[PDB]
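Enquirer: First, the structure itself, so that you have it in front of you.
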Amino acid sequence: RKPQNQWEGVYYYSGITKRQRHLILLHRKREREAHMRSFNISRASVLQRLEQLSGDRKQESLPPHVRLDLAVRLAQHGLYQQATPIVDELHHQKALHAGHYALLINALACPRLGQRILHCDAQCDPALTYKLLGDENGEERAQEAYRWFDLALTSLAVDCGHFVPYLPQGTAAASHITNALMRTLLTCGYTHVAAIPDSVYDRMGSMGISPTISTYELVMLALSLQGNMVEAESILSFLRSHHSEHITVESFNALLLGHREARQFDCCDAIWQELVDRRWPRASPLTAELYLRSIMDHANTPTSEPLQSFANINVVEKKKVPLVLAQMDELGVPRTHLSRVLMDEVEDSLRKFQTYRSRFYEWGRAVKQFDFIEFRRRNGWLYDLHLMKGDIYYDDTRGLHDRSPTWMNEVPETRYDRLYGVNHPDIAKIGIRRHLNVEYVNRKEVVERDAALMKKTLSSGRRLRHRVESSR
Amino acid sequence: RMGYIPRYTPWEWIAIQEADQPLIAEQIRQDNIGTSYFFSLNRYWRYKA
Amino acid sequence: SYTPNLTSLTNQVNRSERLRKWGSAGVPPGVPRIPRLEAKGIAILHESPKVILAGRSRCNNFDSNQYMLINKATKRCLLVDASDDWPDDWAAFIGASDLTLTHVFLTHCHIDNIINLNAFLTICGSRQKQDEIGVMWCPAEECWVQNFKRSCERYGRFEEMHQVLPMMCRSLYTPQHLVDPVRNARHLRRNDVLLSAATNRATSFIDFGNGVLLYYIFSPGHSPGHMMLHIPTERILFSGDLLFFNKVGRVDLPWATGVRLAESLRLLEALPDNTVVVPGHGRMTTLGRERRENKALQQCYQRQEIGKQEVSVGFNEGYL
Amino acid sequence: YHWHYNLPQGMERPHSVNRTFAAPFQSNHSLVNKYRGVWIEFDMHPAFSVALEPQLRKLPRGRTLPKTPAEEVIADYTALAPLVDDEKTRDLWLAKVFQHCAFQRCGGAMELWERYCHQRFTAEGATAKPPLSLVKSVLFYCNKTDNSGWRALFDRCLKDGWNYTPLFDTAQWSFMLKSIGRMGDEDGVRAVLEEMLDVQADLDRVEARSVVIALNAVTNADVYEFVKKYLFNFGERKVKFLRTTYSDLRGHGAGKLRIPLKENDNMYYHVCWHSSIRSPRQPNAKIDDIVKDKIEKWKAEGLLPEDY
Amino acid sequence: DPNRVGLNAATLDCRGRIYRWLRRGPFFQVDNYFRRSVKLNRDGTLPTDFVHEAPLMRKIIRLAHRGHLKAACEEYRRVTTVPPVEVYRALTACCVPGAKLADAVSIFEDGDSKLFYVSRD
Ligand SMILES: [Zn+2]
Ligand SMILES: [Zn+2]
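Chains DH, DB, FL, DJ and DF supply the protein sequences, listed in that same order.
So the first sequence is residues 24 to 184, 191 to 418, 479 to 561, counted in PDB author numbering.
Numbering-wise (PDB author numbering), the second sequence opens with residue 1035 and increments by one.
So the third sequence is residues 10 to 139, 158 to 209, 216 to 353, counted in PDB author numbering.
So the fourth sequence is residues 28 to 309, 331 to 356, counted in PDB author numbering.
Numbering-wise (PDB author numbering), the fifth sequence opens with residue 147 and increments by one.
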């Protein structure tokens, strides 16, 4: 029988229909419309709230907390220009305090516009949200964040009016506003996220403000977005040496994000395996999102030294996805807290690399194998990548023939059968009888039949020799 | 060379053979709750012990 | 069989006829080599004071036969249709009998005749090292030596595919190679005989030595060039594929004419009945037995008597 | 021919067949966990659900069908539904009794549509838009009891109307086509099948007993030629299964249907012709002047003589 | 329908049916007996409503409400049809006063994917 290929994989169904990929694209466009509809309804509500309190309260002065509540809601929805006359009169009336300034600068980073950018524009990539928030007035919001920081430190000197030459730089309010400044500057452009570890951090050191754990995590996230990993791991190495009790999850989230931008996928594996090992701080769904997206960027990355001679090699990195999802079940990370863009690619890796025991008993049936061949024969133009087009270290002088008796042990049956007539002058050296040298099962019976054929041929040849010359 | 047959399969050829065949989900064998002392041997008759 | 063109791949009956003949495999199993088991020895068929006929029956899985004429005086041997699955006994037989292999006679150039011809000239040519062996054949078989590689693909003889035939090499009847002046084992074969279709009883013979003449007879119909061997002094007729025991050759192969085969059966009616006809397949018979109890010869003359102008006789089930 | 044992037994070349060909899951058996029914999408606010909880108890919930007779839940909506002052609560409650009267086949539940919802949705160019759960429940009801009121509602779901046809499931079209073939509307079959092709519905996954009923009621000549070009839109696996189901529903398995089919043999012979086609093998003015010039010649030749 | 309950089998007549019997999977008798039996109905409801094993379902709920977990697990092994939602509600309520989480998950995992999502409640 013709042999079957043992290095050919079993035919199994790993893929989706053209209707299903269209229906995934159609359903994902509906919820992108739903988040676009949800933002503009609430944006129009805060703009109607602004014009109501400006028109009907034209001469009646509002209480300062209502104007403070509307100023943070304007800044959260990306409307920074409608909020700066509100904060300028609240600072002039001296109604703002230490916590109020940190509330306004944290609102200036717009955590309502970033929610629309995440679900609709950035395709649920948490690294791309910082890259896309910098375009909607990134330099303009950074100047007002620097201006409100100068408004804050001027107010803190009034609010602190012993430790008198070391106020307000030694208080908790100075670092809280400085942590609010670095959080707002991360949402700005590339010129301002580069100024966080260099310009803002040295200004905090020159002012003598003691940092906190949220200070270092935003600096590590700022160095993560630049792509500088030799400095980002050094800050956590300072935190691993000195302040190890206060390390939260966001330092690990910066390093998982940072090696994803630098495309060092071997490093981001070791950070995830470290977080599974220590199990403290707890793995957020942002940890599972940043690590699984680094797998998919590594899986869709083409290689160029074999130049894809047979297939894509990096697609084997999606086999780790059932291992990571099994680790999320024990870490307490719910897999339903994953984004819709990532969950389609996670289930893409699951139907390609996962099988159950009930399916493994039925996946090799000849009916399913021959359906795979006919479906490749009928429509292979729709789903194909090709159709689109002693001890040796102390040995040096070896001791040979150490009188080890091979006659105490018994291996007596090593008889070998060679072909008849090797040195015979009548038998030729080359011939088709040379193929008898490669035969193992019938080695004894073939060469004794071959010797009996060659002995009778040389006997009949030499008896024909003696008959012809004796007759003439 | 004229007859070079490698005695080690290359890293590209190993990665192709691993990427073509799927994994079995019961090979992870993780367990954190414990053994069902009352129900696991008395489950439904098709998938029973 | 033939070249798989576009209409042969898009035909359903090509996929259906390959299911009927060979079952679920669809590929025809070839004609393999006979192993060193189930193989017999070389027999001495005839001994005469002039020549000696030594033969071997069923030397291929085509059930072909291998014969050799041994001249007693000149010590010169001659192979007829050199196709043996083991041409190593034949080299040892001529080496132990002090014989000189000078020529190889070929009746026709089917795969039952020239499958091991390069093996015959290499093994027997190596023994004379411690004048080369000639090939006697008819140039009408040029169409069958071009399709020798096609016949080896269908019958599974892959080891003899990539072998240039020695009769295809440059002989004395061909223009010579103009090699660079800065090797004639394969460039020139001086010992080569091309037989002519104008075969008569006067001059169309081979002088085998000591006064025996091998009259070659052109008798097509099974093949374009089919040269029998007739020894009138010894009553021996090597018919090849023309006449067997109670049957004749096939016509259902290319370049095989049924009306040419009937004319080939009529040109042996002047030979006596005790002429022992020695076919290429099966058992040997006499020409008088085939004139009495062969239905192919009986149908050939019955159609001739009732007035058929183009008498067409021939087999469709038998030997190649 | 083989591989010898003293040779190195390495892999000759790797084979990536499962990554070059990504095959979707195709089984001849149907899915054992599918709902095989019309979903209502009950999305009530969680304050009226616990308030109307003794009234919603006798109503069909998710994968649960209570056997309360339909005349009691009609009387519950007759009295208690004017008490609740919420528009979408009464519409979602009315969708459940329309679903409850469909499963028990109560033909008198169409009075509830004319009582409450006809005047504000389907009367005299109403600009109000009904919810999707209400349109799905009344179209499933009118198809179950073979009511003729589906035509005014199906015309409202077009692209200029309510535009609810991209929100219909594949099981909604299966119950739709079964009722039109039972009542025998030739233009009702064509207007739905043109809508299903315009909406890009799953044509290969409609119920096969539903298609062969809607195709059996095709008797008009112009819509019969529409079926001939529409039959190529199905798959080759689907069109060979439409032949086997239509041959059994008119043959031995005629008792599976509630009412028997009518004998339409010109649709039967065309489906048997179309299934065999998809399966593998196993100038009048110028011509009339030619003939009149010949008869003119034959009278001159004498071949066509006069009276003797 | 109580009188139409029962499944008839074949006789393995021809040689081609013997070769299919020798080429069947590991679960061919128990799988085809499970699919010829109870399945999801035309209206979409469960096959829970079975007449012949109805008081057996009353026995398990009677055993799981009194705290007899092991006896309720023993009578659950005797079922052939799809059990109702009320037995899974009673079995998981029997595991809570003893904090038996491993038994309660295996009760849910039996009816989650294998028995048409009757325990997903
Ligand atoms: Zn021949
Ligand atoms: Zn022959």
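Backbone N, C-alpha and C fix where the C-beta goes; we use that ideal spot for every residue, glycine too.
(1) Which partner residues of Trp-164 (chain FL) appear in the DSSP bridge assignment?
(2) Should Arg-1063 (chain DB) be flagged as near chain DF, meaning a C-beta pair shorter than 8 angstroms?
(3) The segment 191-218 of chain DF: which residues have C-beta closer than 7 angstroms to a C-beta of chain DB, in chain order?
(4) Considering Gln-75 (chain FL), what are the terminal residues of the beta strand (DSSP E) in which it resides?
(5) With DSSP collapsed to three states, give me the class of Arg-369 (chain DH).
(6) Of all the CB atoms in chain DH, is at least one closer than 8 angstroms to the CB of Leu-1057 (chain DB)?
(7) Are there 16 or more other CB atoms within 10 angstroms of the CB of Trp-99 (chain FL), so buried, or fewer, so exposed?
(8) How far does the alpha helix (DSSP H) with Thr-105 (chain DJ) in it extend, from its first residue to its last?
(9) Is there a C-beta anywhere in chain DJ that falls below 8 angstroms from the one on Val-527 (chain DH)?
(10) Step through the CB atoms of chain DB and report whether any lies within less than 8 angstroms of the CB of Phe-389 (chain DH).
(11) Please report the distance separating the alpha-carbon of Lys-260 (chain DF) from that of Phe-254 (chain DF).
(12) Taking DSSP as the reference, what is the three-state secondary structure of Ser-493 (chain DH)?
(13) Pick out the complete alpha helix (DSSP H) segments inside the segment 14-87 of chain FL, 4 residues or longer, and give them in chain order.
(14) Using a Cβ cut-off of 8 angstroms (strictly closer), state whether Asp-214 (chain DJ) contacts chain DH.
(15) Return the residues of the segment 154-172 of chain DF that lie within a Cβ-Cβ distance of less than 9 angstroms from chain DH, sorted by chain order.
(16) What did DSSP end up calling residue 211 (chain FL) once you bin it into helix, strand or coil?
(17) If we count Cβ pairs, one from each stretch, closer than 8 angstroms, do we get three or more for the segment 302-317 of chain DH versus the segment 265-282 of chain DH?
(18) Is it true that the segment 19-31 of chain FL meets the segment 241-254 of chain DF, where meeting means three or more beta-carbon pairs spaced less than 8 angstroms apart?
(19) For ligand 1, any of its heavy atoms closer than 7 angstroms to the Cβ of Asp-207 (chain FL)?
(20) For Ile-1058 (chain DB), list the residues DSSP reports as bridge partners.
(21) Taking Cβ positions, are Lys-85 (chain DJ) and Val-100 (chain DJ) nearer each other than 8 angstroms?
(22) Can you name, in chain order, every residue of its own chain whose Cβ lies under 6 angstroms from the Cβ of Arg-55 (chain DH), other than the five neighbours on each side?
(23) Taking its Cβ as the centre, do 16 or more other Cβ atoms sit within 10 Å of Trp-496 (chain DH), making it buried, or is it exposed?
(24) Relative to the C-alpha of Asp-249 (chain DF), which candidate in DB:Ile-1050, DB:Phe-1072, DB:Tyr-1081 and DB:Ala-1083 has its C-alpha closest?
(25) Enumerated in chain order, which unbroken segments of the beta strand (DSSP E) with a length of 3 residues or greater are wholly contained in the segment 163-225 of chain DF?
(26) Have a look at the DSSP bridge pairing and note the partners of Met-261 (chain FL).
(27) Looking at C-alpha atoms only, which residue of FL:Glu-159, FL:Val-292 and FL:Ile-43 is the closest neighbour of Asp-539 (chain DH)?
(28) List, in chain order, every chain DJ residue whose beta-carbon is nearer than 7 angstroms to that of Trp-1047 (chain DB).
(29) When Cβ atoms are compared, which residues of the segment 378-411 of chain DH fall closer than 8 angstroms to chain DB?
(30) Using a 10 Å radius around the Cβ and a threshold of 16 neighbouring Cβ atoms, would you call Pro-226 (chain DH) buried or exposed?
(31) Between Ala-248 (chain DF) and chain DB, is there a C-beta pair that is closer than 8 angstroms?
(32) Any heavy atom of ligand 2 closer than 7 angstroms to the Cβ of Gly-313 (chain FL)?
(33) Look at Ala-1059 (chain DB) and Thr-384 (chain DH) and say whether their C-beta atoms are less than 8 angstroms apart.
(34) Any heavy atom of ligand 3 within a distance shorter than 7 angstroms of the CB on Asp-121 (chain FL)?
(35) What does the Cβ neighbour count give for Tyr-234 (chain DF), buried or exposed, with the cut at 16 atoms within 10 Å?
(36) Report the residue from DH:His-114, DH:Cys-147, DH:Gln-105 and DH:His-272 whose alpha carbon sits nearest the alpha carbon of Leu-315 (chain DH).
Expert: Well, looking at it:
(1) FL:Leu-227, per the DSSP bridge assignment.
(2) Closer than 8 angstroms: no.
(3) Taking 7 angstroms as the Cβ-Cβ cut-off against chain DB, the residues of the segment 191-218 of chain DF that qualify are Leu-215 and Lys-216.
(4) Unbroken beta strand (DSSP E) run through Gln-75 (chain FL): 75-80.
(5) In the displayed model, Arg-369 (chain DH) falls within a helix according to three-state DSSP.
(6) Yes, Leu-1057 (chain DB) lies at the interface with chain DH (some Cβ there is under 8 angstroms from its Cβ).
(7) The residue in question, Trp-99 (chain FL), is buried, as its Cβ has 16 or more Cβ neighbours within 10 Å.
(8) Unbroken alpha helix (DSSP H) run through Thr-105 (chain DJ): 97-106.
(9) With 8 angstroms as the cut-off, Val-527 (chain DH) counts as an interface residue toward chain DJ.
(10) Yes, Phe-389 (chain DH) lies at the interface with chain DB (some Cβ there is under 8 angstroms from its Cβ).
(11) In this model, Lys-260 (chain DF) and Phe-254 (chain DF) are separated by some 10 angstroms (Cα to Cα).
(12) Three-state result, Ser-493 (chain DH): coil.
(13) DSSP runs (the alpha helix (DSSP H)) wholly in the segment 14-87 of chain FL: 15-18 and 21-31.
(14) So no, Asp-214 (chain DJ) is outside the interface.
(15) Look at the segment 154-172 of chain DF: the residues with a C-beta under 9 angstroms from a C-beta of chain DH are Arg-169, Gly-171 and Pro-172.
(16) Missing here is residue 211 (chain FL); chain FL as given proceeds from 209 to 216 without the residues in between.
(17) In short, these stretches touch, since the Cβ pair count reaches three.
(18) Pairwise C-beta distances place the segment 19-31 of chain FL out of contact with the segment 241-254 of chain DF, as fewer than three of them are shorter than 8 angstroms.
(19) Checking the 7 angstroms criterion, the Cβ of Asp-207 (chain FL) is out of range of every heavy atom belonging to ligand 1.
(20) Under DSSP, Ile-1058 (chain DB) forms a beta bridge with DH:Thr-384.
(21) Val-100 (chain DJ) sits close to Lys-85 (chain DJ), with the two beta carbons spaced by under 8 angstroms.
(22) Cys-143, listed in sequence order.
(23) Exposed.
(24) When the alpha-carbon of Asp-249 (chain DF) is set against those of DB:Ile-1050, DB:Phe-1072, DB:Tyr-1081 and DB:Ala-1083, the nearest one is in DB:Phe-1072.
(25) None, since the segment 163-225 of chain DF contains no complete beta strand (DSSP E) of that length.
(26) Bridge partners of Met-261 (chain FL): FL:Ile-250.
(27) The shortest CA-to-CA distance from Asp-539 (chain DH) to any of FL:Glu-159, FL:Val-292 and FL:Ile-43 is the one to FL:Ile-43.
(28) Neighbourhood of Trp-1047 (chain DB) in chain DJ, by CB distance below 7 angstroms: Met-38 and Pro-41, in chain order.
(29) Residues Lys-381, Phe-382, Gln-383, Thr-384, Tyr-385, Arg-386 and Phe-389.
(30) Counting Cβ neighbours within 10 Å, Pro-226 (chain DH) comes out buried, since at least 16 surround it.
(31) So yes, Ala-248 (chain DF) belongs to the interface.
(32) Result yes, Cβ under 7 angstroms from ligand 2.
(33) Yes, these two residues count as a Cβ contact at 8 angstroms.
(34) Looking at this structure, you won't find ligand 3 anywhere; what it does contain is ligand 1 and ligand 2.
(35) Only buried fits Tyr-234 (chain DF), as 16 or more other CB atoms lie within 10 angstroms of its CB.
(36) Answer by Cα proximity: DH:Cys-147.
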